[PDB]
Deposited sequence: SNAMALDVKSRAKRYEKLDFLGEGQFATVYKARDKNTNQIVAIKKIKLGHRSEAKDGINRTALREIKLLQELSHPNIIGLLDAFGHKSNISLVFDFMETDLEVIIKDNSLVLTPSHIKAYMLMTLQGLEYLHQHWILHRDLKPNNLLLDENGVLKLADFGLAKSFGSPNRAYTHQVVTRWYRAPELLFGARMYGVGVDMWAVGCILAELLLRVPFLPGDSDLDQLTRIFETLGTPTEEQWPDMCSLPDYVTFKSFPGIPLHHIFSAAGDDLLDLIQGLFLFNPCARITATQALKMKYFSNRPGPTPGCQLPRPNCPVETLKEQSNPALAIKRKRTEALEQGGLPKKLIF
């Protein structure tokens, strides 16, 4: 078709992504070609197509095109210059409070829109937060996204890359709401603060260990029905490190934000709208205007 592959950008599990230029127009694009053999077109290329044609928001990635042959399909996006994980793991970059405000703002606005249109992203992590060269953060990788609010509809766990996975999804909850994106937002905040993965477990039970070590093991008071989740195994009453001991550079505004994001009760966990109306975002200093956000020159 009308594109010339310029550069290989990476592999997902389900696809391999390349920089192209579309000969018609000065969009440089990330074509995500899917990899394969009698099930038809990949259910993950469809999942991204079906969900992204409907949504439109500056903090969600814009699907430009799709194209293919037989069972093999390309999805085409605007090429984003960078991602949030690259920024986090760039030792020369300094993330001021305004910078952490400006990324967390854009994530929550993208995610407010997404939840409004009844979709959970379910794979939030810093590499799935792309940042363009005008400094707008867009959610990307819609390949595991699902609509919610349907009672008669079982969902799966094993959504989210373990480190950003919410404890109800580690307890293998079948039904879940927007809390699964809000936890991941907490885990991404914590990682912008610390510059390392907040909770890097390497089994699903080593993840519940590192959650409960750090944030305390939930009581029933903090999570009334935890107990009825299928995989609910009881833990040692880990103390929890107080959040100002973990993020000692934080102010009580930001510690209220962080705290709301890490509530064990997925019902009491602050929504993206609740989060945007917290004093943290309206307080001084103001979020860095996207133009001034730090650009990694390699």
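If you line the structure up with the deposited chain, the stretches without a C-alpha atom are 1-12, 49-53, 316-349.
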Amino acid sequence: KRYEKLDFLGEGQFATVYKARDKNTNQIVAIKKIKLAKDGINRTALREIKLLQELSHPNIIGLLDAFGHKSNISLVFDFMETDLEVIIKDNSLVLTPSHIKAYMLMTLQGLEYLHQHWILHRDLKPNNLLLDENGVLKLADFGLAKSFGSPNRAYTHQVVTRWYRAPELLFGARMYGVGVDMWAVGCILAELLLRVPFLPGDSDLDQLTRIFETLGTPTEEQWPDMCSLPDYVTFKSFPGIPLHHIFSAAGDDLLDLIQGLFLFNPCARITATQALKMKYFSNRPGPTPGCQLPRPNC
From here on, numbers count along this sequence of modelled residues.
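Among other compared entries that model residues flanking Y155, a third or more give it no coordinates.
Omission of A37 is seen in a third or more of the other entries compared for this protein where the adjacent residues are built.
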